[PDB]
Amino acid sequence: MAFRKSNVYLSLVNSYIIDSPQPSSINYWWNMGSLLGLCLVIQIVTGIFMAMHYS
Amino acid sequence: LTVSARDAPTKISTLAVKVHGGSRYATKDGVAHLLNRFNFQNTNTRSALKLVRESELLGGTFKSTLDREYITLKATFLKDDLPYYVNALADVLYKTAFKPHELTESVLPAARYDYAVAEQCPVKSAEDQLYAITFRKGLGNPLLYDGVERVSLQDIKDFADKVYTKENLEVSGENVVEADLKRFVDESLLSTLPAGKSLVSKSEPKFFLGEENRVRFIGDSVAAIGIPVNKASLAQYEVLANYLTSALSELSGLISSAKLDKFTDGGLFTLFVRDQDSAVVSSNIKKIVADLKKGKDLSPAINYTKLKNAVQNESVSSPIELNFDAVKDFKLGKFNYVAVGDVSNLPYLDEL
Amino acid sequence: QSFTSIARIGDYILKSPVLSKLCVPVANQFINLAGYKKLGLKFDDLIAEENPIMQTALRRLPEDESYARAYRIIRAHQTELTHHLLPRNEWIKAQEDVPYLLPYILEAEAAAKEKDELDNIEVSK
Amino acid sequence: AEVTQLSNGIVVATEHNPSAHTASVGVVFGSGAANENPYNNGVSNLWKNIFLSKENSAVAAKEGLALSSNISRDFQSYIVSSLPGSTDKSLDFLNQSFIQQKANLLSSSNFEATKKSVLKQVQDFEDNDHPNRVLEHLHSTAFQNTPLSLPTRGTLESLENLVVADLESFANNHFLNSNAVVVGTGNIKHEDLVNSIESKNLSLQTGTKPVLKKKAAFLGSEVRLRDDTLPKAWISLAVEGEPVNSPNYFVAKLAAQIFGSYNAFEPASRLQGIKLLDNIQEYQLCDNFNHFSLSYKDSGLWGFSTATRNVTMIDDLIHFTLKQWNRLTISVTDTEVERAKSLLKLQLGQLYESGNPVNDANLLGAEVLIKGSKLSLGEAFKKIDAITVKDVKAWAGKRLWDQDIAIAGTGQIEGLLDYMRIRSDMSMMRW
Ligand code: HEC
Ligand SMILES: COc1c(O)c(C)c(C/C=C(\C)CC/C=C(\C)CC/C=C(/C)CC/C=C(\C)CC/C=C(\C)CCC=C(C)C)c(O)c1OC
């Protein structure tokens, strides 16, 4: 089978982000979740760099 | 060790080694099948893999067919590569490894698939039942392996010992120069094969009549009749089959197929009526049996049965050819019947 | 809310000529505003199926109705994703908007309720 | 080995072979299903069926003649086989049916009994012959609203609405002289046949030409005939191939031989020198597959067909197969090409030289109708052996690399991913 499916780490990525079967009709309201993950990343990255200069 | 041939200006040659080892001679049920499935496996000097890889680069393929009487090892290839395929075929007949793992991993699976394909076609289940009742143990032997009686690797080896001998096989190269062919055959390992005996019996098989078998089957229903023919009375049955399978006969659209299996010591005529529902199968065969009892022919299909029996350019060694231009009438004595399918709604040998 | 319960209340309203003439017209207007018929759906196609009653019911549905429900559902998703409605001549008509799955659902709820009753039957000597 | 062809009033084409026991004679018209309309689709198949009618067939059986017909896309053919001596009586039956009985075959009792037979015939096809059914739909979507899209057997709806007049209308527009070629194969000489033809005069609708149309075109698309009740998935996928009389006609056929055909149950098949087999046998991605390079007058299809019971891994089947095809543009090896040459010759030989003259007629007839002649088997081999790795790469980089595809399938194809996923695999990422 394809490597993205056989590898222990990549298969997680494949099942959640590549081959994950989505209902054909979801609308833009279903885009908020990815936006929340992105927000989480922005908060963490910017906070760590600021922590470097914070007392 | 008959070495036939027939050159030509064409680019594709076809070596072939007919061998009298079909189910007719099989010592144990399906052993001929297993052996046929074992050909082209590993030899003692060349693996099945290498044989294929080598022949592909040259430009030729192999194939091993099974008959009720034969086991043919054919090889199609480009003309000028003749020696290679002669030795390949020689190698198989003289020294195939017969490893226990080749049995379990390639032979048994391939044979199981063969039996599976055949177990799903009702006409073939019938055709098998026909042979088994007419010739109760000669040509009525099971064609394919099904495991009813044990068959070890040794049994397959023993059977190969009997059947693979110089006095029981015939080389036959189509589109090849007989000169070089005989030269290569004798120069190869064919001549080293321990020539045993020819199991080809001339005496007519002890056939039976008025026998019937009924097999319950899920799918299309099929009613069939089988008639044991004589060594000389087979030319009329040949025209009969081609008559029933032509626009001349009115009842040609009431049957699925009809043929004559020509052997070396006789033959067998078969008639197949196959359809979805039992009602149509009953009427169609009941009509045939009635119209054949009040037989007729007048030989109008004499030029047709002669033309259709000539389109077989691979069998330029057929029995009688001018025997057709003789008899012109046909009746219908005792025959054999087999009901397959919706049995409870199918005719018996009585009401026919 | 069980379909047995919706049927109880609904049938009571449908029988009484007082309520029947008052509610049905309201209900009819509610159904048209819902809009599912413009997507080619029948109300029964809209029932949430992720529960045992609905699975038992859908399992028992004859083939022809099953293939039909499948086509209607697929056609609805495709139309929804294109942000259009079907051409008016393709809409489901009121005569067609029949409760085809309802009898199978009611039957399964009754069977289920009886099992629940029998598994908990008390005995008096 | 000789391809003789001369024109006097009609174009006569023959190929003799003395070792042949029988001789086949027939007329091959330069028009097939590709000349029909969406509405009279199935008329050619219908013609073939009356030509083989119980009545017309019995007349030839008494005389000792056997009938055979074949409806294709670019052409159509009616053949009569006979013994080497009755080579004259075949022409009597040929003329008697295309001029004398061109009104006796079309009776309101024969036509109806025949129409009822092609209806049960075409219905049986659609209901059970899934691989050919899928291949037919592949042409249908690949060449939609174009001549090559029409199926050869015609459609049930256009068939049941067909009448005697439609047959006539077609016959009077395509069964013309300028759109015909008389072919003879078997053992008879060219001079032997042409004399019996140039003997009987009469032109019959001479100077008349068939109607024209619009050029065939490939459109990347798909048709999915999902059916979860079937026990397998049958799929066919292809790119725009090569038309006959194309410089890359042979490069294309060789390319298809590289991947060849396969059958998981045949021990020998599992051993072929095909790299794709290492990938597909591990989890048994399919029961069988076969590549092809279909060529027609205006276009062709290059791709493969496959059948499988591994319904949850169809995406791996498609993915590995397309990754292999990517190789043709960038890394096909000398030995793969050489293996293909040898196997292509072997198959091309087995076709052009079988023990059946009726096959020879169809091959000869079809070729002469398009290029006015037939390339000798020995001439082909010269072209085949001259192909280099550089040729295959230039071809693939034009026909396979990042090119649209056409897909068709039936059975349990829920696992066959969307178009774009398949289409994306027609190439690879690179720096
Ligand atoms: C150390 C890593 C770090 C992480 C992880 C982090 N922060 Fe912060 N955050 C800080 C620091 C440092 C400050 C003070 C600097 C500032 O005021 O922006 C801060 C301040 C804030 C403030 C005050 C903003 C203001 O007005 O100045 C908010 C609100 C906030 N964080 C929200 C979040 C949220 C929500 C998350 C997580 C989802 C998050 N933070 C994760 C370090 C972090
Ligand atoms: C079924 O439906 C789905 C669905 O399943 C998915 C997966 C998605 C896609 C969305 C996602 C997968 C969102 C996922 C998000 C997360 C898992 C967030 C994880 C968050 C983190 C913050 C990771 C932690 C990171 C760090 C520690 C790195 C920061 C530090 C750095 C760079 C060190 C810097 C220091 C130096 C010295 C240079 C859909 O959109 C969707 O609907 C359409």
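Side chains are part of it too, since the values below use all heavy atoms of this structure and drop only hydrogens, waters and symmetry mates. Chain letters run A, B, ... following the sequence lines, proteins first, then strands; residues in each count from 1.
- Counting heavy-atom pairs closer than 4.5 Å to chain B, the top residue among D:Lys54, D:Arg339, D:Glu63 is D:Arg339.
- Between the side chain of D:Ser342 and the backbone N or O of B:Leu57 there is at least one donor-acceptor pair closer than 3.5 Å.
- Residue D:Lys189 places its NZ atom among 12 or fewer non-hydrogen atoms of other residues, nucleotides or ligands, all under 6.0 Å distant.
- Contacts between B:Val107 and chain D at a heavy-atom distance below 4.5 Å are absent for every atom of the residue.
- For D:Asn104, the CG atom is densely surrounded, since the number of other residues' heavy atoms within 6.0 Å is greater than 12.
- Applying the 6.0 Å contact sphere to NZ of B:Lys11 captures no more than 12 heavy atoms from other residues, nucleotides or ligands.
- Atom OG1 of D:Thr22 sits about 11.0 Å away from atom CD of B:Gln312, to the nearest 0.5 Å.
- Taking OH of B:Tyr113 as the reference point, atom CG of D:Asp287 lies at 9.0 Å (rounded to 0.5 Å).
- With values rounded to the nearest 0.5 angstrom, D:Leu346 atom CG is found 10.5 Å from B:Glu56 atom CD.
- Residue contact with chain D, scored on non-hydrogen atoms closer than 4.5 Å, involves the side chain of B:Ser252 exclusively.
- Residues B:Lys308 and D:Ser81 fail the side-chain proximity criterion, which asks for heavy atoms closer than 4.5 Å.
- For a residue to count as touching a neighbouring chain, one of its non-hydrogen atoms must lie under 4.5 Å from one of that chain's; by this rule B:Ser55 does not touch chain D.
- Contacts of B:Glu174 with chain D are absent, with no heavy-atom separation under 4.5 Å from either backbone or side chain.
- If you measure heavy-atom distances from D:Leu52 to chain B, you find no contacts under 4.5 Å at all.
- In terms of heavy-atom proximity, D:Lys345 sits nearest to B:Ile12 at O-CD1, 4.3 Å.
- Heavy-atom contacts from other residues, nucleotides or ligands closer than 6.0 Å to CD of B:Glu250 number 12 or fewer.
- No more than 12 heavy atoms of other residues, nucleotides or ligands shown are found within 6.0 angstrom of NZ on B:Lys328.
- Proximity to chain D is limited to the side chain of B:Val52, based on heavy atoms less than 4.5 angstrom apart.
- There is no contact between B:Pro109 and chain D, counting heavy-atom distances below 4.5 Å.
- Taking a 6.0 Å sphere around CD of B:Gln276, one finds it holds 12 or fewer heavy atoms contributed by other residues, nucleotides or ligands.
- Within 6.0 Å of atom NZ in D:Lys89, 12 or fewer heavy atoms from other residues, nucleotides or ligands are found, so the atom counts as exposed in its surroundings.
- When heavy atoms are compared at a cutoff of 4.5 Å, D:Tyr352 does not approach chain B at all.
- Only the backbone of B:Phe77 comes within contact range of chain D, with heavy atoms under 4.5 Å apart.
- Counting all heavy atoms, side chain and backbone alike, B:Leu307 lies closest to D:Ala66 at CD1-CB, 3.8 Å.
- With a threshold of 4.5 angstrom between heavy atoms, D:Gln272 approaches chain B through its backbone and through its side chain.
- Note that the CZ atom of B:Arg53 and the OG1 atom of D:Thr335 stand 8.5 Å from one another [nearest 0.5 Å].
- If you tally non-hydrogen atom pairs under 4.5 Å between each of D:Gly378, D:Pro357, D:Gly273 and chain B, the highest count goes to D:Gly273.
- Considering every non-hydrogen atom in both B:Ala310 and D:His21, the closest pair reads O-CB, 3.6 Å.
- Residue B:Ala48 touches chain D through both its backbone and its side chain, counting heavy-atom pairs closer than 4.5 Å.
- Atom-to-atom distance recorded for B:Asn303:CG and D:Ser82:OG is 11.0 Å, nearest 0.5 angstrom.
- When D:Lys62, D:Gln350, D:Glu55, D:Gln347 are compared by the number of non-hydrogen pairs under 4.5 Å with chain B, D:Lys62 comes out ahead.
- The environment of B:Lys262 atom NZ is dense: over 12 non-hydrogen atoms of other residues, nucleotides or ligands sit within 6.0 angstrom.
- In this structure, B:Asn313 contributes its side chain and D:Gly355 its backbone to a donor-acceptor pair below 3.5 Å.
- Proximity to chain D is absent for every atom of B:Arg6, based on heavy atoms less than 4.5 angstrom apart.
- Of the listed residues D:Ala61, D:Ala20, D:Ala340, the one with more heavy-atom pairs under 4.5 angstrom with chain B than any other is D:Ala61.
- Residues D:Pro267 and B:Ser106 share a closest heavy-atom pair of CG-O, 3.9 Å.
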